[PDB]
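Asker:
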Ligand SMILES: [Cl-]
Ligand SMILES: [Cl-]
Ligand SMILES: [Cl-]
Ligand SMILES: [Cl-]
Ligand SMILES: [Zn+2]
Ligand SMILES: [Zn+2]
Ligand SMILES: [Zn+2]
Ligand SMILES: [Zn+2]
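Chains as they are written, first to last, in the entry's author numbering: chain C, 7 to 293; chain B, 7 to 292; chain A, 8 to 293; chain D, 7 to 293.
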């Protein structure tokens with residue numbers, strides 16, 4: 007009988023936790039899908055906007071409001087854009103693992119996954135001297151064998167699963183891994199992404215519509231007392247109008263006295279110190 | 007030949023019937039489409055949210071306003087999430103049939119469909135102690151022979167067809183079957199669903215826009231006097247922002263003096279008592 | 008290739024409005040794939056058009072004494088004769104829309120002729136009417152189609168999108184009025200969701216669809232064109248959509264600069280102006 | 007070491023540049039994808055609306071507010087619609103290059119691309135007596151070798167790339183070429199286009215929603231100080247409702263004292279006079 011995740015107690019009289027997170031995907035989701043995307047200068051320029059413009063713009067916004075940010079960086083982004091990635095670490099923001107070439111884990115065996123985890127840790131170490139304690143699977147998809155590899159690599163937390171509003175201890179072998187759950191609604195990819203021959207049907211929402219959608223989710227989460235995890239991509243949300251609406255929303259959230267605006271590893275550490283009973287879903291069985 | 011469905015008289019001065027229905031699809035629509043979806047821990051975690059989080063949240067909302075909900079539960083959902091499905095029965099809400107592994111009926115022969123009906127019935131009996139009197143076809147698609155299978159199985163009603171605003175008696179020979187019609191617009195799936203490689207192009211509507219769409223339909227349905235059947239999925243509408251907007255909408259509907267907020271079997275028994283002349287569409291001939 | 012000039016409107020009017028309806032029902036699906044006939048759920052959704060949408064929309068047109076033009080595939084007429092007859096008894100024009108709503112992509116002149124005759128014969132035999140108007144199914148036709156239409160003595164075509172103003176299509180020895188349309192003045196892109204056939208799942212609120220048509224209309228009033236709206240009873244006939252359309256019709260009826268007319272009446276006004284015929288020609292390559 | 011583009015200084019104390027641009031695509035994007043689109047009288051009539059109706063409607067609106075516009079004209083459009091294209095030159099607006107038959111550059115070698123540049127220039131010269139100094143790649147996609155071709159053909163600027171909010175000088179060796187960057191958000195195609203069997207899913211936005219999107223972007227660009235380049239297609243934005251909404255947006259923009267509303271060559275010459283250090287992205291390397 008799988009228990010649903012229960013509410014966690016938050017610190018400092020706070021009753022909701024909020025994390026602003028950024029997946030610095032840049033070119034990597036396209037290159038892993040089809041390496042011939044490398045030849046598309048137009049498309050590669052749209053992707054390069056994230057690390058080149060979006061990353062400094064978003065860091066200026068986080069710094070204006072003294073907000074911790076968590077940047078999930080694919081190792082290949084770090085190798086192709088080391089000055090943008092180092093600027094994140096230099097600004098004092100946490101960097102977390104997001105694969106090497108943002109590889110799909112669908113069909114991946116344990117050995118393939120283990121090589122990608124090493125390759126991403128080494129790139130982030132080389133480029134920015136960071137050893138990530140956090141992970142998010144590219145494309146928010148992972149295998150039933152993935153958490154044990156994350157445990158083997160000593161990761162503090164994962165932020166990939168969507169079966170809860172509350173953080174929890176994901177049971178892994180004879181231990182656990184903190185889970186900081188996400189949702190497709192709390193992602194700018196479905197709001198702004200348009201990349202011909204790759205992603206998006208042509209629908210490009212207004213920045214007000216996107217904030218509206220997140221604000222309705224946040225107000226509800228404040229009543230639930232969960233961990234509200236927002237995911238944005240610098241090549242999308244770093245654009246002028248979207249960044250300007252995220253800045254206004256961030257100002258609004260920092261003004262909420264009931265909310266703990268925090269880094270992902272700080273959230274995960276606070277959860278870990280609660281010594282919760284681990285839980286996990288199991289693979290669906292079919293006769 | 008074929009007549010349109012005529013309005014039914016609602017009980018005790020009510021002039022519109024409203025039914026809040028929930029399809030506890032969870033993993034099953036993906037698993038029948040491709041069993042390899044079982045390997046996707048992420049997608050499976052998104053689908054498990056429905057029974058784990060969506061179902062208690064929605065029960066809490068239905069409870070706050072004393073609203074009856076009808077929960078269409080595939081047999082597989084009941085077998086994989088027995089506690090949430092048992093929680094629905096214990097709360098006093100109706101459980102109705104929705105296949106076993108939410109199978110598509112497209113191309114299913116009568117025997118294939120009978121075997122699925124049996125399998126779903128046995129699952130809901132086993133897990134929840136329920137024998138459903140209501141049926142909704144997975145993916146809202148059935149065969150010209152399905153109504154006669156449902157009648158043969160003793161179902162009170164079907165809630166799959168969309169040729170009417172008014173409930174009616176579906177012509178099935180010597181048997182009897184009430185039809186409680188639905189429509190694609192009164193479904194949250196086209197408003198909120200996004201599951202890569204399965205369904206959804208990326209469009210995720212705000213909760214206010216989905217309520218706005220449903221309220222325009224409900225206010226117009228109140229002038230028509232039909233049966234307004236809303237279908238939500240717990241893994242979609244159970245999300246915080248969406249359930250909060252649903253909650254407010256349900257309060258609003260409870261304040262409509264003219265509307266009868268009822269369970270699906272209560273609506274179907276009222277329709278059955280009117281003794282309507284049966285009717286049916288027939289397969290197009292080419 | 009000269010652009011179409013503004014046409015003079017009668018007496019004090021400076022702009023024409025035509026409310027049109029394509030009673031497509033089952034036919035676009037059945038021609039795309041005959042196996043759609045086995046889909047009872049989908050077949051019930053398309054049947055709503057003739058069964059429910061047509062009397063609702065006829066009722067609204069009656070309340071505001073608005074003439075409507077109904078483009079009816081011959082198949083819809085044979086499958087739904089009473090809904091089609093009911094249009095003609097209400098005094099509204101019935102126009103040609105193929106037989107089984109066939110795509111004209113890749114058809115030779117003989118295939119298009121046979122279809123033209125089949126549709127005329129169905130509308131004559133079912134409703135005792137003879138169409139003077141034509142609109143290609145899927146709004147697509149061949150460069151050889153205007154000549155075929157002129158040969159069948161049609162008064163007008165309503166398919167082309169190269170002008171805001173009606174015009175005389177060059178067809179040699181014959182005559183043929185074009186009353187142009189546009190994708191923005193279609194409800195299909197606003198409301199259509201049929202699994203395995205049309206829509207990505209996007210379903211717009213009725214207010215959004217009216218806001219979009221109203222933007223166009225208000226601009227067309229300054230241009231002096233012919234604003235031709237296209238709606239499908241299986242879509243716009245739904246409670247919420249029909250209600251917002253009714254309020255929109257009430258609003259258009261209070262615009263004294265606007266001529267709200269039937270399509271053959273607009274076409275006969277245009278024909279009386281004795282315009283110089285024009286036509287686009289097939290783009291030639293290298 | 008790639009540096010992001012720096013802000014440029016604008017004239018007359020302005021702090022933002024704005025360009026109204028139009029791609030007179032007409033029939034050409036469809037005819038290059040599949041020549042059988044020529045048989046489709048309905049679809050061809052929809053495309054012919056751009057040059058027959060949209061071009062004189064948009065020229066009337068530009069004339070009303072004394073706004074320069076830049077029209078990117080495929081050479082095929084000039085040949086099929088010479089009078090609408092000539093009317094653009096007569097009204098004094100700039101005409102720029104957009105291929106011949108709006109050809110995709112995906113898989114194009116430099117010879118195929120040079121032959122298209124020549125075909126396009128000769129069609130524009132023969133039709134409207136104009137020699138284009140501007141270029142935009144059909145489908146906003148080009149090869150890593152395209153900028154050098156543009157410099158060698160004597161082009162002043164390109165407006166295809168998306169790695170910057172600011173104009174910059176592209177690294178093209180001994181030659182020179184201004185980049186006037188663009189964005190998918192500042193395009194009407196994603197907002198209004200529905201062409202069966204070619205482009206669009208059925209989503210057709212209201213004109214107020216498109217304008218809302220572009221104004222959120224423009225307001226944020228005014229604080230950034232870049233060049234906000236709008237792209238519209240007469241066959242889409244020339245429609246009564248869309249043109250009327252564009253007309254009122256242009257009136258609002260002419261009322262902004264901080265904005266420089268200009269032609270693309272006017273903006274590019276002002277950039278070129280600043281003598282910026284050339285920069286360029288490089289092809290992603292994959293091991
Ligand atoms: Cl990025
Ligand atoms: Cl569910
Ligand atoms: Cl219809
Ligand atoms: Cl155009
Ligand atoms: Zn990612
Ligand atoms: Zn279902
Ligand atoms: Zn049609
Ligand atoms: Zn173009």
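Even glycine gets a Cβ: it sits at the ideal position worked out from N, Cα and C.
Nearer than 6 Å: is that true of the beta carbon of residue 240(A) relative to any heavy atom of ligand 7?
Answerer: No; taking the cut-off as 6 Å, the Cβ of residue 240(A) has no heavy atom of ligand 7 nearer than that.
Asker: Taking 6 Å as the cut-off, is the C-beta of residue 138(C) nearer than that to any heavy atom in ligand 5?
Answerer: Not so, every heavy atom of ligand 5 lies at least 6 Å from the Cβ.
Asker: Which value, in whole angstroms, describes the spacing of the CA atoms of residue 40(C) and residue 185(C)?
Answerer: Cα to Cα, residue 40(C) sits roughly 31 Å from residue 185(C).
Asker: Alpha carbons only, please: which of 199(A), 277(A) and 48(A) is nearest the one belonging to residue 288(B)?
Answerer: Residue 48(A) is the option with its Cα nearest to residue 288(B).
Asker: Tell me residue 185(D)'s beta-bridge partners as DSSP assigns them.
Answerer: DSSP output for residue 185(D) lists 164(D) and 174(D) as bridge partner(s).
Asker: Measure how close the beta-carbons of residue 31(C) and residue 80(C) come, nearest whole angstrom, since I'm counting them as under 8 Å.
Answerer: That belief holds up - the Cβ atoms of residue 31(C) and residue 80(C) are roughly 6 Å apart, short of 8 Å.
Asker: Would you mind stating whether residue 85(A) and residue 35(A) have Cβ atoms separated by less than 7 Å?
Answerer: No, they are not a contact pair.
Asker: List the endpoints of the continuous beta strand (DSSP E) containing residue 133(D).
Answerer: Looking at the DSSP string, residue 133(D) is not in any beta strand (DSSP E); the run it does join, the alpha helix (DSSP H), is 116 to 134.
Asker: Spatial neighbours of residue 245(A) within its chain, please: CB distance less than 6 Å, with the 5 preceding and 5 following residues excluded, ordered by chain position.
Answerer: Answer for residue 245(A): no residue qualifies.
Asker: Find the nearest neighbour of residue 157(A) within the set 144(A), 9(A), 96(A) and 284(A), judged by alpha-carbon distance.
Answerer: That would be 284(A), whose Cα lies nearest to the Cα of residue 157(A).
Asker: First and last residue of the beta strand (DSSP E) that includes residue 236(D)?
Answerer: Segment 233 to 238, the beta strand (DSSP E) holding residue 236(D).
Asker: Leaving aside the five residues before and after residue 116(B) along the sequence, list all residues of the same chain whose C-beta is less than 7 Å from its C-beta, in chain order.
Answerer: Result list for residue 116(B): 151 and 155, in chain order.
Asker: How about residue 247(B): is its Cβ closer than 6 Å to a heavy atom in ligand 3?
Answerer: Residue 247(B): no, Cβ never under 6 Å from ligand 3.
Asker: For a test of the three-state rule: what should DSSP assign to residue 39(D), helix, strand or coil?
Answerer: Helix, per DSSP.
Asker: Measure from the alpha carbon of residue 224(D) to the alpha carbon of each residue in 167(D), 177(D), 135(D) and 25(D), then state which is nearest.
Answerer: Answer by Cα proximity: 25(D).
Asker: Name the DSSP bridge partner or partners of residue 266(B)?
Answerer: Partner(s): 23(B).
Asker: Regarding residue 194(A) and ligand 7, is the C-beta to nearest heavy atom distance less than 6 Å?
Answerer: No, ligand 7 has no heavy atom inside 6 Å of this Cβ.
Asker: Residues in its own chain within less than 7 Å of residue 129(A) by CB, not counting five upstream and five downstream?
Answerer: Here the set comprises 81, 84, 85 and 106.
Asker: Is residue 90(D) near ligand 5, judged by its Cβ being under 6 Å from some heavy atom?
Answerer: It does not: the Cβ of residue 90(D) is nowhere closer than 6 Å to a heavy atom of ligand 5.
Asker: Hey, is residue 29(D) close to ligand 8, as in C-beta under 6 Å from one of its heavy atoms?
Answerer: Checking the Cβ of residue 29(D) against ligand 8 gives yes.
Asker: Can you give me the Cβ contacts of residue 174(B) inside the same chain, cut-off strictly under 7 Å, excluding the 5 residues immediately before and after it?
Answerer: Result list for residue 174(B): 11, 185, 282 and 285, in chain order.
Asker: Three or more C-beta pairs closer than 8 Å, one from the stretch 48 to 57 of chain B and one from the stretch 256 to 266 of chain B: is that the case here?
Answerer: With the cut-off at 8 Å, the stretch 48 to 57 of chain B and the stretch 256 to 266 of chain B do not touch.
Asker: Quick one: does the C-beta of residue 144(A) sit closer than 6 Å to a heavy atom of ligand 7?
Answerer: Yes, ligand 7 has a heavy atom inside 6 Å of this Cβ.
Asker: For residue 9(A), write down the residues that DSSP places opposite it in a beta bridge.
Answerer: DSSP, once it has assigned bridges, lists no residue as partnering residue 9(A).
Asker: Would you call the stretch 206 to 218 of chain D and the stretch 184 to 203 of chain A touching, i.e. three or more CB-CB distances under 8 Å?
Answerer: Taking 8 Å as the limit for Cβ pairs, the verdict is that the stretch 184 to 203 of chain A does touch the stretch 206 to 218 of chain D.
Asker: Using a beta-carbon distance below 7 Å, is residue 33(D) in contact with chain A?
Answerer: Closer than 7 Å to some Cβ of chain A, the Cβ of residue 33(D) qualifies, so yes.
Asker: I'd like to check one pair, residue 273(B) with residue 233(B): are the Cβ atoms closer than 7 Å?
Answerer: For residue 233(B) and residue 273(B), yes; Cβs fall inside 7 Å.
Asker: When you compare the stretch 215 to 223 of chain D with the stretch 159 to 167 of chain D, are there three or more beta-carbon pairs, one atom per stretch, that lie closer than 8 Å?
Answerer: Cβ pair count under 8 Å is below three, so no.
Asker: Looking at the structure shown, is residue 78(D) part of a helix, part of a strand, or coil, going by DSSP?
Answerer: Residue state, collapsed to three classes: strand.
Asker: Do residue 153(C) and residue 183(C) count as a contact pair if the criterion is CB distance below 7 Å?
Answerer: A contact, by the Cβ cut-off of 7 Å.
Asker: Can you find a heavy atom of ligand 3 that lies under 6 Å from the Cβ of residue 56(A)?
Answerer: At least one heavy atom of ligand 3 is nearer than 6 Å to the Cβ of residue 56(A), so yes.
Asker: I need the boundaries of the alpha helix (DSSP H) containing residue 54(A), first residue and last residue.
Answerer: Taken as a continuous stretch (DSSP letters only), the alpha helix (DSSP H) holding residue 54(A) covers 47 to 55.
Asker: Would you please state the rounded distance, in angstroms, between the beta carbons of residue 95(A) and residue 134(A)? I believe it to be under 8 Å.
Answerer: Correct: roughly 5 Å between the Cβ atoms.
Asker: For the putative contact between residue 70(D) and residue 269(D), defined by C-beta atoms under 8 Å, what is the C-beta separation to the nearest angstrom?
Answerer: Not really, about 17 Å apart at Cβ, beyond 8 Å.
Asker: Who are the near neighbours of residue 217(B) in its chain, counting only those whose CB is closer than 7 Å to its CB and skipping five residues on each side?
Answerer: 251 and 255, listed in sequence order.
Asker: Should residue 287(D) be flagged as near chain C, meaning a C-beta pair shorter than 7 Å?
Answerer: For residue 287(D), the answer is yes, since a Cβ of chain C falls inside 7 Å of its Cβ.
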